[PDB]
Amino acid sequence: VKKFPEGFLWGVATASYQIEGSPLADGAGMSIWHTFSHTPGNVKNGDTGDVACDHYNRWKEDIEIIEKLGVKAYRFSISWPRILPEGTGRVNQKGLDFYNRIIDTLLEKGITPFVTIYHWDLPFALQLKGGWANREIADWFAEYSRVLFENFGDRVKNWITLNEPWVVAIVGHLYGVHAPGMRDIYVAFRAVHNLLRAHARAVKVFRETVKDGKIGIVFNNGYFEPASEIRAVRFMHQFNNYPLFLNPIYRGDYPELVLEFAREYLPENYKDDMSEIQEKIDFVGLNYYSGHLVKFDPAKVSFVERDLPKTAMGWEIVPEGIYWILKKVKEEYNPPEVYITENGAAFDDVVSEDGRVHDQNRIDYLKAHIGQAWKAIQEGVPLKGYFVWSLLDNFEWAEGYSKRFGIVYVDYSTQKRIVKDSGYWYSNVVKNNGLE
Ligand SMILES: COC(=O)Cc1c[n+]2c([nH]1)[C@H](O)[C@@H](O)[C@H](O)[C@H]2CO
């Protein structure tokens, strides 16, 4: 058997724009994912978040599903433009009401809320003023965060400033594949820097406003292995994984190979902001999905396709990656607490004639990764919790509804939820507090 520590937090994770639908209900402002998904060519099949999982109406049902599965923590995000329709200034009480009902319900049912403040749905009104490219976002973000703390901080005690600021900056502003759909490397790195400053401003406000809770930040991570016998792997780690943000947070500068590549793209006096950026955080969230073979190639790095099982995303399944990144984060920055805030897989799920979804591929994926996280705990990593991405099949960004990551299947024509075998399997893992 592989049992986890007593009080280990088994969770599932979602994001507002991916599940909610009704993006314009009850006075909500438009978000950049509203405007991006409504722009032709940006998202597969013209898919948008207009309806998604209709969680905006079905939230109680979905929470009752979390409850009945015995899952102990729910990670979800708040839509900034539901709360502040223009991003700053006016507060929308109906937006607050929506999340208040979700929060109270979870608490009533003994489920621990983990709130992601920003999971990519920036108010459109602020994108007009430059979004993450504008230094003033540190103030906008801090004022938004202050509102959340004041309203919910009596009940929510676990907070995440940013989901994957690497993706926000690079995929949103260099690759142009995500909202706001830009391709400018100087904008992208100014977004990197500004995300840090906004995160640190929000942590600071948190200490003034919520004196009994905890706050952290979430990073995407890949397990990069070299194609031969390598500095390219060092670069990929420092650029794509937690060091881009943790070196500033813990050591007060960007990682060495990030500076070699991107110094010219960062603001000229960026070190002026580093001491503020070092604001103390309580935990690191790591998201992990995939491993990559990497070689130097005249960013001077390209990927090598390997055999190896892949998911529907074409992501190579490499379970030892989650152990590696867990070990490496302790070794490099030794944060006091770590959570796996997302781990999961997209497979081509089908409802069998028996009415069930027989996702053995997903069970195998989760089991392998849960086992590798168990190992990291035996070897001393302060891992406090683990979150499956995702509770539900949902809007998978530029892929639309075509990629299914849920442990619960959503039939989009009816909004029917069907617990997949992986969801039942995970329930038993949570009940048993580990594997066997
Ligand atoms: C480059 O590293 C990554 O993008 C890892 C990653 C995967 N995922 C996320 N990040 C987001 O937090 C979720 O909103 C997605 O639905 C989920 C699945 O694609």
Side-chain angles (χ1 to χ4, degrees), residues 132-133 162-196 218-271 273-274 277 286-308 310-311 313-318 320-322 324-329 331-333 397-399:
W132 296 107
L162 311 165
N163 184 65
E164 305 185 337
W166 182 87
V167 177
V168 171
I170 301 318
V171 186
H173 309 78
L174 178 54
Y175 299 167
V177 162
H178 281 184
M182 195 169 325
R183 288 206 201 175
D184 182 311
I185 196 149
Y186 291 74
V187 173
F189 278 98
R190 285 182 170 64
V192 165
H193 191 67
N194 283 332
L195 282 157
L196 277 169
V218 165
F219 312 108
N220 52 282
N221 310 273
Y223 179 36
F224 306 108
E225 292 173 284
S228 61
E229 72 181 77
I230 190 268
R231 130 178 285 250
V233 162
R234 296 171 62 215
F235 170 78
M236 288 304 287
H237 177 63
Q238 290 182 10
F239 174 52
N240 288 249
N241 304 339
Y242 62 82
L244 185 55
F245 302 94
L246 287 197
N247 220 76
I249 285 158
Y250 279 112
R251 303 193 203 166
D253 194 2
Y254 288 100
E256 179 195 348
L257 304 192
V258 166
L259 296 168
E260 300 206 14
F261 169 64
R263 172 59 181 111
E264 253 291 328
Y265 310 139
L266 278 161
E268 172 180 304
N269 307 122
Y270 81 85
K271 287 205 209 186
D273 306 301
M274 283 287 162
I277 286 178
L286 304 180
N287 296 350
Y288 178 82
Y289 292 82
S290 180
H292 308 276
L293 201 69
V294 165
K295 57 168 50 154
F296 175 88
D297 152 71
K300 277 43 216 156
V301 183
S302 61
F303 297 110
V304 197
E305 199 159 345
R306 290 184 294 201
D307 227 20
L308 270 24
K310 295 175 189 64
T311 71
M313 305 291 305
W315 295 344
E316 290 162 17
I317 306 176
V318 185
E320 61 273 20
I322 208 170
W324 184 86
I325 202 87
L326 281 168
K327 289 310 299 291
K328 206 74 197 269
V329 79
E331 159 189 323
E332 285 174 321
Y333 303 105
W397 306 116
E399 299 289 341

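Position 1 is the first residue of the sequence, and the numbers go up from there. Just the heavy atoms: all of them, side chains too, but no hydrogens, waters or symmetry mates, feed the values below.
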TODO: Locate the shortest heavy-atom distance separating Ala169 from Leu195; write the atom from each residue and the value.
DONE: CB-CD1, 3.9 Å
Open item on the list: By the definition ring pair (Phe, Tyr, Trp, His ring centres under 6.0 Å), identify the one residue from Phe219, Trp166, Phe224, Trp324 that meets it with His237.
Closed with: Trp324
Open item on the list: Can you give me the closest heavy-atom contact between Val304 and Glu316, atom names plus distance?
Closed with: O-OE2, 4.2 Å
TODO: Scan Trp315, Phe303, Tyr223 and name whichever one has a ring pair (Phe, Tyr, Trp, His ring centres under 6.0 Å) with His292.
DONE: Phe303
Task: Side-chain heavy atoms of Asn241 within contact of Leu286, under 4.5 Å - done: no
Open item on the list: Looking at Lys310, I want to see if its NZ is surrounded by more than 12 non-hydrogen atoms of other residues, nucleotides or ligands under 6.0 Å.
Closed with: yes
TODO: Taking all non-hydrogen atoms of both residues into account, name the closest pair between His173 and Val168 and its distance.
DONE: ND1-O, 2.9 Å
- [ ] Indicate the atoms forming the closest heavy-atom contact of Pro165 with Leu162, along with that distance.
- [x] CB-CD1, 4.1 Å
TODO: Using the six-membered ring wherever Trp is involved, compare the ring planes of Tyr265 and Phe189 and label them parallel, tilted or perpendicular (cut-offs 30° and 60°).
DONE: parallel
TODO: Tell me, please, which residues at least two apart from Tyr175 pass ring-ring contact (aromatic ring centres under 6.0 Å, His included).
DONE: none
- [ ] Kindly compute the distance separating CH2 (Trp397) from NE2 (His178), expressed to the nearest 0.5 Å.
- [x] 7.5 Å
Please tabulate, for side-chain N and O atoms in residues 243-260, each donor-acceptor pair with protein atoms closer than 3.5 Å (sequence neighbours left out).
from	atom 1	to	atom 2	distance (Å)
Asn247	OD1	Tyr333	OH	2.6
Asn247	ND2	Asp253	O	3.0
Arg251	NH2	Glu332	O	2.9
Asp253	OD1	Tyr270	OH	2.7
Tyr254	OH	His193	ND1	2.8

TODO: Output the distance between atom CG (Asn220) and atom CG (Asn287), rounded to the nearest 0.5 Å.
DONE: 7.0 Å
